[PDB]
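Asks: Attaching a single structure in structure tokens format; questions to follow.
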Amino acid sequence: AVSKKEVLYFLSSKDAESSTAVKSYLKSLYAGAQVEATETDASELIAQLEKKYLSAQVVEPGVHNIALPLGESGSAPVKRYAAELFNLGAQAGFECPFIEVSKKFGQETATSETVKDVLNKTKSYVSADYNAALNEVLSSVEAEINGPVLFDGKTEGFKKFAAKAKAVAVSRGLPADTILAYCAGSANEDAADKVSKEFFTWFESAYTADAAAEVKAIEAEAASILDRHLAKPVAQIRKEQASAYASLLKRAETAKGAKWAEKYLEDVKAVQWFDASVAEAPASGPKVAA
Amino acid sequence: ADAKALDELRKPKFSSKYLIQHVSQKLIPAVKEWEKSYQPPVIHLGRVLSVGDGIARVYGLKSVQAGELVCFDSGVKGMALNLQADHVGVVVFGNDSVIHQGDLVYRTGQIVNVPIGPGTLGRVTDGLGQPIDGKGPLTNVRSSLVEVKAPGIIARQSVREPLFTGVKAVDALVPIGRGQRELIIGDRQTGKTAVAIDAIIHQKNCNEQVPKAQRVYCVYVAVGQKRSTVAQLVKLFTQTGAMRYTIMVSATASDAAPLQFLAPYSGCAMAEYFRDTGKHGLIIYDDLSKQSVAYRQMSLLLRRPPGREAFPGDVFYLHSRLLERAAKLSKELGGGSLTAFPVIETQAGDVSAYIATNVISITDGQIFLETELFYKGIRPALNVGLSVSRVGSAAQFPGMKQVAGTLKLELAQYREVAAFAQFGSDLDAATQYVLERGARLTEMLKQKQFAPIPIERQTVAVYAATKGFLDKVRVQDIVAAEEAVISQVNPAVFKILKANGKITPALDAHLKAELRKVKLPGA
Amino acid sequence: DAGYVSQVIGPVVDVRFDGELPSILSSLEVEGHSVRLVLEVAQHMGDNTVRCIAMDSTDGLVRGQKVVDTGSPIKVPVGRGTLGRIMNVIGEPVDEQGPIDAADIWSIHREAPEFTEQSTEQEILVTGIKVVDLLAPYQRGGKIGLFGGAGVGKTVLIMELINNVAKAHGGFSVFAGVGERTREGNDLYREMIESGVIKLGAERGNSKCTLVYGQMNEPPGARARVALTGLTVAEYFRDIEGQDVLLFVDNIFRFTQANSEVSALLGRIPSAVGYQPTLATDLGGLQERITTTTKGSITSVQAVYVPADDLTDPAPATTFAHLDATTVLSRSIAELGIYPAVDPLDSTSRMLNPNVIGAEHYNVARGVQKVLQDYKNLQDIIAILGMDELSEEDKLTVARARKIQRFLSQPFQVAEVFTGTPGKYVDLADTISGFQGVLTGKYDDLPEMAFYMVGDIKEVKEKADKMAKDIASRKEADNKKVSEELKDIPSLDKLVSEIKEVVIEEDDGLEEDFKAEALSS
Ligand SMILES: Nc1ncnc2c1ncn2[C@@H]1O[C@H](COP(=O)(O)OP(=O)(O)OP(=O)(O)O)[C@@H](O)[C@H]1O
Ligand SMILES: Nc1ncnc2c1ncn2[C@@H]1O[C@H](COP(=O)(O)OP(=O)(O)O)[C@@H](O)[C@H]1O
Ligand SMILES: [Mg+2]
Ligand SMILES: [Mg+2]
């Protein structure tokens, strides 16, 4: 059963087991059942924890439903993969990645007086090749001022840092000024449109490069696992995989009464059905009652 | 069965989705419970008056308990040890260079505790719980105090099950029961650690063969050692496989003196988990003589007045608090057990020292290793005339109770006759027999470094040495004959003596028939 | 009104009172502690503060914790309601069997009785142990010491004394376990359940022993006062009910050691080897209460640990002056296998006068001692030369003394677990007759190993003819059992088919048991 915070997150979900639970709930509602009350409770930390653990239940069947574009030619499968991850994030209740990680930056730095604690507390979300390049520039302006560079904006002890940090940002490879002009906006729509159309070219470059780096790392991990696997003899392979499969079955069979254990063994039985159904008619595929 | 659906076949199968849902179902009613009952408790402060030598005298902290963990504002912890009218004496768990005069000390409210449980198995921790092997936090673990009162009279039962060390100089002559504490005392580089490492590695060999209830989980407490010395033991316990059952509590020589004083208590608390929940533990405190030097350092820097050699008065109570926690519990409490092996290093074979005579007085047995026996070839260098076991014949192997009674009866006769016959006066054809037979037994109890012999191959070898089968075999290859006595004798006669646990009348007549069809060297 | 904790340094607690300080040796009780913590006032430190020692651990004590004066010393239940129970130092029952009935609870601090109420009467306590009954005979009502280092047999000898003189005698017994192992206290308790001396439940009133236990896990305050609690139970049985008490005190050394462990924290500059300046007076104040008075009698058997087989250490050397019979057990006698390892020369008694135990006992004991002494004077030349010159009388001295040395050994009824042997009770006349036989050349026809671990002189003859029958019949199995046996020894695969397999799990079940207990409690 769903707990009505379960089902409000699954209305915009499009995976299978979320949609059948939504449809069973609505077919319960049509047959003379009332909705329960929505909790106007659970203050901000519990609300954030609930949306964190409810976004993951929308993301986790959605990540498994997205085909990786491994071993592909052209950037259009990488753009398919990144657009599918974008759509899954939007279905799970996230915003655009830019808005969401900017919100994470502003959440981690509400206490920030200096740029040193900015560059040290957002270290988990900025790459080391950029955090070190901004740390050395903060140290270069700190050697000039001989006073701590503070996080003010109007203080030009900050601006002597920021004019070189923009140079670091343009030496990384990313156009900082069109990003600042996009998230600063403009008055007339015709002059903000021409810079949004440049920001979106940067944005497509950036998310395609991130998805491509993830795909190339998955390709390298698959090739490493295969070349370590093709060095074994066959009986070693069979007993290793059979031992791992047997241990992973017994870890879900010693779990009795947990929902994930029954779902695990039901999916094992569904895989065995798939194997039997393609053994029944191998030219037609599995039997789908349409 | 056939033709399921389309909407049933669109599901991704082994996604998480329900482990995530299980965590969010067990978590949110538990964290609304935490937030609805949340008072941010009043933290009592204290100022550092002075600091130096790992002691910080703290002003204030008026509600602090004796033995309570305190926290400095540098992040380094402490323990309030002597509460005085004007200040608190706080031993510092780490480097005291980060503490200044006037620093703030907060009391944590809690007495010193370590994480115990089965999540400590496999891991290498420091003197209080925190793992130093680089494998993240201790999952599946639970905190409990390091200073627990030992079980009283009614909480015990008599030590009857045997603890097999795999060292036949020990398992024959000074046998060890489960719940018995046994001192491994010796001089500087004898085989003290090697006796204790062989007792741990042997429990790995027995745990694969016994049922799950009678498995012994070992804890090695390394106090005051090198950090690379204990890295050689984690490498040895990994490539043997004993690290599956072993916890290592490592308070090395660079750790602070309160971390080495407290590490035997942390290791005893990690091993008391298995005692209290019906399993069996084996704790090894390597150099309790290095724990007492760490205790003497704090006691002399807390200005407690020195006694013998410089030691505090309560240094007997230091070790008897700790070794009395090794017990065999009653069956009402689970039948669990904890077997201790304190190690004490003497200086020149002088067991009359202060810390040496304390632990000799506490523990049941004693495994006295001699440096002159070490170099004569006798390794393990066990002084069979001084090594005791107070449990004795109560908890040894019944198959070797009837063989190693004769073994110590002959080796007692070997000792005084060799004191006379090394002068070279005269020999008597039966005095000639006892110093020729006792040389067969002395070479029989020798052993290699990291090969514990199970219990049945030990008792067959002392059988073949005491039932005359190793007479007229030359003394140089009795250490080389007895691999043939174990390999050429049938491997299914070892199963019967393991299953019976005793030499039946239908087995001595079969085994001594099998000790004749062996090809002995020299002969 | 009440006082408050001012200072906690180890087991020594300073309590500050604002008016009406408690007396010295008065017990104070900390309220708000997890366990019942009893402090005992040791001294007045001077500015309205007293210095106390704690009877339990001081971990968890806070400066300013409230402390209640009880107005009296530590008071423990005494009487017939304690027979069959195990008590603490502070009288709490630790056997998990209800409360203690407590007819007339009593303070544990007393003066020694007087000089006028002493009894100067000496009668022998026959123990069954022939070295004890022969060479250092115990006085029925006097103080007995058992000396020795670690592992010589003080606990085995005191257990043999317990089940040899305590199983049926005219009064009651009190065992005071002072600072020894908890394992052997449990072993003693279970052995007295099986021996019927302590009865549980409804027949608790027919019990003949009180256990008072102060073992090694306890702090030095508790191990210093538990001997006084066992003394107070015995002093009730002697002073009020007027009957004979046996008082077995395992390791009276631990009383002195426990007083030494707190001593320099009490503000005393250290004395010799490491001990307190008040070692002799603390020991004397304990030992002078264990007296036969005109009211009753207390026969005390105290084990004394010597620290490194060293009888010159001040803690045994102080207590040597308090004992009527000092049985000294030696390491050298124990490494020979002579058990009980009683040093025959070093063990003395005040019952070894000829006008007390007769001349036929006195002269055989002194003759046995003289033969064992000139054997020791010969033994430095036997180990070098080897009995090639020894004059046909000193050879007879060596032979008779080896027979005497074996004949002092005796299998104990409590050491059947250890070696193999059923235990022997030897009467006094039997060991007098036996040692007078061995001393006067009467048993030179026997082997000297027929004297080893036997009851009396007729069991020497019963073992000598057994040895002859045995070693003259070694030649019985050199012709058979090598082939063509009775097939009562079946084949090996048949023997391993009877080995019914134990299931081995290969899971260790630990992480499920941990979460099972985490969902429990
Ligand atoms: N049974 C044995 N057979 C052969 N060699 C041994 C045996 N036991 C120990 N050794 C050798 O003796 C040396 C000392 O052993 P061990 O490390 O046990 O010394 P120790 O008594 O622990 O002294 P320390 O604590 O100072 O190291 C080791 O290098 C080991 O190789
Ligand atoms: N009468 C005896 N017979 C056989 N063995 C003995 C005897 N007395 C002592 N022992 C041996 O000496 C060991 C230690 O004696 P124990 O009772 O512990 O003396 P202590 O308490 O003085 O150390 C015992 O385990 C036992 O094996
Ligand atoms: Mg070592
Ligand atoms: Mg003892």
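Each answer follows from the model by the rule given with it, or from the source it names; none is laboratory data. As a convention, Cβ positions derive from the backbone with ideal geometry for all residues, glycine included, and neighbour counts pool all protein chains shown.
Asks: In the stretch B:327-341, what residues are part of a strand (DSSP E or B) and farther than 10 Å from B:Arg181 by Cα?
Replies: Passing the criteria: B:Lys328, B:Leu329, B:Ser337.
Asks: Would a scan of the stretch B:38-49 turn up a residue that is within 11 Å of chain A (Cβ to nearest Cβ) and without any contact (Cβ under 8 Å) to a residue 24 or more places away in the chain?
Replies: Yes, because at least one residue in the stretch B:38-49 is within 11 Å of chain A (Cβ to nearest Cβ) and without any contact (Cβ under 8 Å) to a residue 24 or more places away in the chain.
Asks: Quick check on B:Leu323: is it within 17 Å of the chain's Cα centre (by Cα), within 11 Å of chain C (Cβ to nearest Cβ) and not charged (D, E, K, R)? Can you show your working first?
Replies: Numbers: within 17 Å of the chain's Cα centre (by Cα): yes; within 11 Å of chain C (Cβ to nearest Cβ): yes; not charged (D, E, K, R): yes.
Criteria met by B:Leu323.
Asks: So, of the residues in the stretch B:252-285 that are under 23 Å from B:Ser144 (Cα atoms), within 16 Å of ligand 1 (Cβ to nearest atom) and not in a helix (DSSP H, G or I), which turns out to be nearest to the other protein chains (Cβ to nearest Cβ)?
Replies: B:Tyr285
Asks: For the stretch C:169-188, enumerate the residues that are more than 13 Å from ligand 2 (Cβ to nearest atom) and either touching a residue at least 24 places away in the same chain (Cβ under 8 Å) or surrounded by fewer than 24 Cβ atoms within 10 Å (Cβ to Cβ) (or both). Steps first, answer last, please.
Replies: Our first condition is that a residue be more than 13 Å from ligand 2 (Cβ to nearest atom); within the stretch C:169-188, this holds for C:169-176, C:182, C:186.
Listed by number, the residues that qualify are C:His169, C:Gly170, C:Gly171, C:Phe172, C:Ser173, C:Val174, C:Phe175, C:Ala176, C:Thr182.
Asks: Just a yes or no: is a residue in the stretch B:353-367 within 13 Å of ligand 1 (Cβ to nearest atom) and more than 19 Å from C:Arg183 (Cα to Cα)?
Replies: So far as the stretch B:353-367 goes, yes, one or more of its residues are within 13 Å of ligand 1 (Cβ to nearest atom) and more than 19 Å from C:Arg183 (Cα to Cα).
Asks: Which residue, of C:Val364, C:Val342, is within 16 Å of ligand 2 (Cβ to nearest atom), away from every other protein chain (no Cβ under 14 Å) and buried (at least 22 other Cβ atoms within 10 Å of the Cβ)?
Replies: Exactly one of C:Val364, C:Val342 is within 16 Å of ligand 2 (Cβ to nearest atom), away from every other protein chain (no Cβ under 14 Å) and buried (at least 22 other Cβ atoms within 10 Å of the Cβ), namely C:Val342.
Asks: Give me the residue from the stretch C:283-321 that is without any contact (Cβ under 8 Å) to a residue 40 or more places away in the chain and more than 14 Å from chain B (Cβ to nearest Cβ) and, out of that set, nearest to C:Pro113 (Cα to Cα).
Replies: Going through the qualifying residues, I end up with C:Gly284.
Each row is one residue, and each column tells you yes or no for (1) farther than 30 Å from C:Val364 by Cα; (2) assigned to a loop (DSSP other than H, G, I, E, B); (3) more than 23 Å from the chain's Cα centre (by Cα).
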residue: C:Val89; (1), (2), (3): yes, yes, no
residue: C:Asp95; (1), (2), (3): yes, yes, no
residue: C:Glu111; (1), (2), (3): yes, yes, yes
residue: C:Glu114; (1), (2), (3): yes, yes, yes
residue: C:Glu121; (1), (2), (3): no, yes, yes
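Asks: Among the residues of the stretch B:133-156, count how many are at the interface with chain C (Cβ under 7 Å from one of its Cβ atoms), in a loop (DSSP other than H, G, I, E, B) and among the charged types (D, E, K, R).
Replies: Residues in the stretch B:133-156 being at the interface with chain C (Cβ under 7 Å from one of its Cβ atoms), in a loop (DSSP other than H, G, I, E, B) and among the charged types (D, E, K, R): 2 in total.
Asks: Is it true that some residue in the stretch C:235-243 is within 14 Å of chain B (Cβ to nearest Cβ) and touching a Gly at 6+ places or on another chain (Cβ under 9 Å)?
Replies: For the stretch C:235-243, residues within 14 Å of chain B (Cβ to nearest Cβ) and touching a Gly at 6+ places or on another chain (Cβ under 9 Å): absent.
Asks: Any idea which of C:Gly71, C:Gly60, C:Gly81 is among the small types (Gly, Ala, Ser) and either touching a helix residue (DSSP H, G or I) at 6+ places or on another chain (Cβ under 7 Å) or surrounded by fewer than 17 Cβ atoms within 10 Å (Cβ to Cβ) (or both)?
Replies: When all the criteria are applied, what remains is C:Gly71.
Asks: Failed condition for B:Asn383, given (1) in contact (Cβ under 8 Å) with a residue 24 or more places away in the chain; (2) more than 16 Å from ligand 3 (Cβ to nearest atom); (3) in contact with a helix residue (DSSP H, G or I) (Cβ under 7 Å, 6 or more places away or on another chain), with all others met?
Replies: Here B:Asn383 clears every test but (1).
Asks: Please determine, by comparing only the residues of the stretch C:217-252 that are among the β-branched types (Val, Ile, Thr) and within 16 Å of ligand 2 (Cβ to nearest atom), which one is farthest from the chain's Cα centre (by Cα). Steps first, please.
Replies: So in the stretch C:217-252, the residues among the β-branched types (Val, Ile, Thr) come out as C:226, C:229, C:232-233, C:240, C:245, C:249, C:252.
Remaining after also requiring within 16 Å of ligand 2 (Cβ to nearest atom): C:249, C:252.
Values: C:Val249: 6, C:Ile252: 9 Å.
Among those residues, the one meeting the criterion is C:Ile252.
Asks: Being surrounded by 24 or more Cβ atoms within 10 Å (Cβ to Cβ), within 13 Å of chain B (Cβ to nearest Cβ) and over 19 Å from the mean Cα position of the chain (by Cα) is the requirement here; does C:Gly214 meet it?
Replies: So C:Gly214 fails the test.
Asks: Test each condition in (1) outside the structural domain of B:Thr504 (by CATH); (2) away from ligand 3 (no atom under 16 Å from the Cβ) for B:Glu410 and report the one that comes out false.
Replies: Exception for B:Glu410: condition (1).
Asks: Just to verify a result, which residue in the stretch B:59-79, among those that are in contact with an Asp or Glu (Cβ under 7 Å, 6 or more places away or on another chain) and away from every other protein chain (no Cβ under 13 Å), is farthest from C:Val8 (Cα to Cα)?
Replies: Ranking the candidates gives B:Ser74 first.
Asks: Show the residue pairs that are 6+ apart or on different chains and have beta-carbon atoms under 8 Å apart, the first residue being within the stretch B:286-297 and away from chain C (no Cβ under 14 Å) and part of a helix (DSSP H, G or I), the second being within 16 Å of ligand 2 (Cβ to nearest atom) and not basic (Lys, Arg).
Replies: Every condition considered, the pairs that remain are B:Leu288/B:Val359; B:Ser289/B:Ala356.
Asks: Is it the case, given these coordinates, that C:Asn164 is of a type outside the set (A, V, I, L, M), buried (at least 24 other Cβ atoms within 10 Å of the Cβ) and farther than 30 Å from C:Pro277 by Cα?
Replies: Criteria not met by C:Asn164.
Asks: Enumerate the helices (runs of 4 or more DSSP H) found wholly within the stretch B:157-249, keeping only those where 1 or more residues are touching a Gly at 6+ places or on another chain (Cβ under 9 Å) and under 22 Å from B:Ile344 (Cβ atoms).
Replies: It comes to B:192-207.
Asks: Please work out if B:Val174 is assigned by CATH to the domain that holds B:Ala257 and either within 26 Å of B:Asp364 (Cα to Cα) or within 16 Å of ligand 3 (Cβ to nearest atom) (or both).
Replies: Answer is yes for this residue.
Asks: So if I check each of A:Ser277, A:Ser243, which one is within 27 Å of B:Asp7 (Cβ to Cβ) and among the polar types (S, T, N, Q)?
Replies: A:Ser277
Asks: Here's a follow-up. Based on what the data block shows, is B:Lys135 crowded, with 20+ Cβ neighbours inside 10 Å, farther than 18 Å from B:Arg325 by Cα and away from ligand 2 (no atom under 16 Å from the Cβ)?
Replies: No, not satisfied.
Asks: Related question: Would you check which residues across the stretch B:247-266 are away from ligand 3 (no atom under 16 Å from the Cβ) and buried (at least 17 other Cβ atoms within 10 Å of the Cβ) and list them?
Replies: Residues satisfying the conditions are B:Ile247, B:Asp255, B:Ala256, B:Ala257, B:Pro258, B:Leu259, B:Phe261, B:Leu262, B:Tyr265, B:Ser266.
Asks: May I pose another question? Which of the following residues is within 16 Å of ligand 4 (Cβ to nearest atom), under 27 Å from C:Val35 (Cβ atoms) and part of a helix (DSSP H, G or I): C:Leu188, C:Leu161?
Replies: C:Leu188
Asks: Mind checking which pairs have a first residue in the stretch B:424-436 that is assigned to a loop (DSSP other than H, G, I, E, B) and a second that is of a type outside the set (A, V, I, L, M, F, W, C), Cβ under 7 Å, 6 or more apart or different chains?
Replies: Filtered contacts from the stretch B:424-436: B:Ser425/C:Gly386; B:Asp426/C:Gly386.
Asks: May I ask you to verify whether B:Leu369 is within 12 Å of chain C (Cβ to nearest Cβ), surrounded by 21 or more Cβ atoms within 10 Å (Cβ to Cβ) and either touching a strand residue (DSSP E or B) at 6+ places or on another chain (Cβ under 9 Å) or at positive phi (or both)?
Replies: Working: within 12 Å of chain C (Cβ to nearest Cβ): no; surrounded by 21 or more Cβ atoms within 10 Å (Cβ to Cβ): yes; either touching a strand residue (DSSP E or B) at 6+ places or on another chain (Cβ under 9 Å) or at positive phi (or both): yes.
Here the answer is no, as B:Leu369 does not meet what is asked.
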